[PDB]
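Each chain carries a letter (A, B, C, D and E) given by its place in the written order, and its residues are counted from 1.
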Amino acid sequence: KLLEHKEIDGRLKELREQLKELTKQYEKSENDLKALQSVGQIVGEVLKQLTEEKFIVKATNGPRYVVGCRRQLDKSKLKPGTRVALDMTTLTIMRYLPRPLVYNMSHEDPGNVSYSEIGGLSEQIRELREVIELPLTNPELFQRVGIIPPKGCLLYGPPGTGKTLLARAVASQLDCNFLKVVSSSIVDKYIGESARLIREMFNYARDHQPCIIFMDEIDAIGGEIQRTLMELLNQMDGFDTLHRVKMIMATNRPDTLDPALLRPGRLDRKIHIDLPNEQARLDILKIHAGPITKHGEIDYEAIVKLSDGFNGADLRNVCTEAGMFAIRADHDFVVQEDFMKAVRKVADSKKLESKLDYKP
Amino acid sequence: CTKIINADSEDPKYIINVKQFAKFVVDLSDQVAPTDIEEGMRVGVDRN
Amino acid sequence: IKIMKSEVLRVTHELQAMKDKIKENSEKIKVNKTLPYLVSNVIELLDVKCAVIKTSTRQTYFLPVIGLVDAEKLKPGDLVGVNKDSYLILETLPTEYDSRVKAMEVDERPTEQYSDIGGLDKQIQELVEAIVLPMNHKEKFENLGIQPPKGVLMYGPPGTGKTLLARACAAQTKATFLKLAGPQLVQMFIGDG
Amino acid sequence: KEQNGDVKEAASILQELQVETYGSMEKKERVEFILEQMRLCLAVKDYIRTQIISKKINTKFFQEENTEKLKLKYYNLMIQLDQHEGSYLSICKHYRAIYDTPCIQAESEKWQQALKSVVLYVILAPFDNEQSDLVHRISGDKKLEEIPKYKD
Amino acid sequence: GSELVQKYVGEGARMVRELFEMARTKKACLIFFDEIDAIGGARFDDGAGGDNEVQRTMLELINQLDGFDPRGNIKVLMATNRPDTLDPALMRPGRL
C-alpha cells in the first residue's frame, strides 16, 4: 500500500503547490486593491523658495500656486528648478522627482573614437596633447606658474580630415565627456536672442556637463556682420576658469580669420593641419578598410598613388563604395586589383567619388 | 472613434478622440449596434 | 488513512476559500474598472514601482503606484488607459495609429516603371542600391562589414523628377511604402505633429 | 653617470626626457622611467620637480597585476618627499597604501613594519577631523595585537 | 485667399486638404485660386521665419496639385497680375 500512499502524497504535493500559487495570486490581487485607493499627484516645478514653509510651484501645464511642503521632506532638495509632486487637493508638495527640448540637438557625444582609429596625425595628436592635457590632467601647474589656462585653441584645417576625430580620440584618452556644440542649447552669438542664449551656453555645458566643448559651423564665426563680430568677442572674451567653455575651433580656412581673435586667451593656439600626407592617407585607408572583409592581398600603396587631394571622409566612402560594388558584383572579398581602377575613377569636378565603382 | 480595441468581440472597447478635449476608451450605449459604429467615423458621446 | 483524508480536506478547504477570495477581489477590480479610460503616455517609470503619466488632456501627473498593470510590462511611451478622476493606470493599451497615419500607407501601389524615368540612371541606381539593396539583401552588407546608409535625401530643382523616382520606387518594390508630406505634419494642437 | 657620482648631472640628463610624449612606450616602462626620475630628483633634492612628477604619474596603475614593485618604490619615494616636507598625514596615508599591498601583507615582518609606520605617523599627525578619522580606522584593526606597544 | 490664411498654425494647410477632398468628392470639379500671389509667394529662410505658415499652406497646395496621391480630375484655375513672385515649384508645369 506504500505506492498508493506515495501517489496520493504526490498529488497532494501538486495541489499544495497550486494552493501556494493561489496564495501569490491573492496577495497580488489584494496589493492591487490597496493600489486602487491611491490617487495621482500633479507634477510641478519650484520657481522660488518663499519661506521655510512656503513655496511657489507651477504645474507643468497649469497655473502657479503658493503651497507648503508636506512635512517629512528635505527643504534643501527643494531648490528653484526641481521637479516635485504636488498633492492634487491641498497642493502640498508630497515629494520631489528627478529631472525632446532644444538640447535634443546639443549633445553630440564623442563616442568610443580612440587614437588607433585616427591615422597619420602623430604631430597633430602631440599638439593636441601638449595643448589640452595640461588643463585636464594638471590644472595645478598653471597655478604653479600663476596664469589663467589657455582657452582658445584653433585646430584650423580642411573639414572631413578628422578634427572632431582627433578631439574624440583625446577625449576617450582622458574619458572626458566631449560635448561638441550643436548650436541648440549652446548658441551664443546668434543674434536672435541676446542673453537667454548666453544662459543656455553657460548652464548647459560646464555647469551641468563637466567640460570639453566644441562648436558647429566651423568657419562661420571665425571669419550687422561687424556687430555680429563684436557680440562674438563679448561672448568669448574671457570667462571664469572654474567653469570650462574651452573653444576648440577647427575653422576650414585660414583667410576666414581676423586679428580681433588672435589675442591669447581669445584664440591662443593655432594647431595647423594640412592636406593629408600620402603615408597618412595610407594609414587612413588601412584603418577604414579594416572593417571591410578584404580577402586576398591588398597593395594599398597603389591606391595611395591616385589618392592625392583627398580627405578622411573621402577615404571612408572609398571603403563604403568598395563594399557597395562588392555587393553589386557579388564578392564577399575585396582586393586591390580593383582598388586600382576605383582610385582611377575617384577624381573629378565633384571629386568623382562614388563613380570609383569597380573595387572588389 | 480613433480605434476599435476589440478585446474579445464581446467587450470590444472603443478609443475615441474628443476634438481637442482628450481621448478616451468608452463603450457604446445599448441604443446603437456595434456594427453600426465603424472605426474612424464621428459619433456623439454623452457628457458624463 | 490519516494523511490522505486529513491533508486532502485541509488543502481542499484552503483552496476553496482562497479561490472565493480570488473571485471576490477580481469582481471588485472589474466593477472598479468601469468606463471611460483617459488615455495617457507613461513618460518614465521610476523606482521609488512608480510612474509619470502624461494624459491626453495635456496634463502631467505622478503616480506612486502604477495600478492594475505590471511595471515590468511597461516602458516609456506606452499608451495606457487610466482613471479619469484618480488618474491611476487601469489598463494597458495596444499601440494606436492616427487616422491620418493609417491613410498614410500606400495601398493603391501606383504603376510607374523605372524605364519611365529618362536621363536619370545614376540616381536610379544609387536609390536602388541604398534603399532596395539594404532591404531585400540585408546580410550581404553584414558579411562585407559595411553599414548601408539609413536615409536618402533627394534634392534638386523642381521638375527634375524626385517625386517621379519616389513613385517608381514604390511601384517597383514589395515594401510597405509610407507616403507623406512636410505640411501635413503640422497641427495647431500642441504635440499632434 | 650616477654610478660615477654625478647624481646632479644624471638627474638633469634624465629630467629633459619626457616620458608621456613616447606613446608607443609601454605603460609599465613609462612608470619605471617616471620613478627613476623621482629617485634622481630626490637624490638631488629638487622637491618641486618631484612634486610635479608625482602629479604626472597616475594613482590607478598601482592596482594592476605586476605593479607591486613599482607601487612600493613610488610610495617609498613619496614618503621621502613628504618626510622632507613634513606632512605627516600624507606620510601616514602613503604608508597605509603600502600596507594594503598584497606582497607586503604576505610577508610578516614587512607588514608589521608597515603597520608600525602607519600608527607612528598617524600619531605624529596634528589633531583634526581627518586625523581622528584615520586614528579610528587604524585602531579598529585586528593585526595591531601583533604590535602590543604600538597598539597601546 | 483670406480663408487659406488662418490664425492658428497648420489650419490653412488643413483648409487646403479639406478643400481638395471636397473637390474630389464632386465629379470633375473646377477650382479657381483667385489672386494666387496672396498664398503663392516664394519660399525663403533668410528672413528669420518669414511667413512659414503661409509657406506651409502653399507647400500643401503644391503637394495636392501634383506628386504622390494623384490629384485626379481636378482642373485648377489660378489668376494673378503679378506672376514673377510665385514659387518656382508652384510655377512648375506639373501643377500649373
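Methods note: contacts are C-beta pairs under 8 Å (C-beta built on N, C-alpha and C of every residue); 3 or more make two chains touch, one makes a residue touch a chain.
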| item | value |
| --- | --- |
| For subunit D, the least number of touch steps when starting out from subunit B | 3 |
| Subunit A to subunit B, fewest steps along touching chains | 2 |
| Between the pairs B-C and C-E, the one where more C-beta pairs touch | C-E |
| Whole-Å gap between the CA centroids of subunit C and subunit E | 33 |
| Separation of mean Cα positions, subunit C and subunit A [Å, integer] | 28 |
| Distance from the mean Cα position of subunit D to that of subunit A, given in whole angstrom | 39 |
| Which chain pairs touch, all of them | A-C, A-D, B-C, C-E |
| Of subunit D, residues touching subunit A in the complex | 20-21, 23, 52, 55-56 |
| Sites on subunit E touched by subunit C in the complex | 8-11, 13, 17, 56-57, 59-60, 63, 66-70, 88-89, 92-94 |
| Residues of subunit A that touch subunit D when the two form their complex | 115, 125-126, 129, 133, 137-138, 140-141, 144 |
| Subunit C-touching residues of subunit B, taken from the complex the two chains share | 2-3, 5, 15, 20-27, 40 |
| Of all residues in subunit C, those that touch subunit E in their complex | 106, 110, 157-159, 163, 166-167, 170, 179, 181-184, 186-188, 193 |
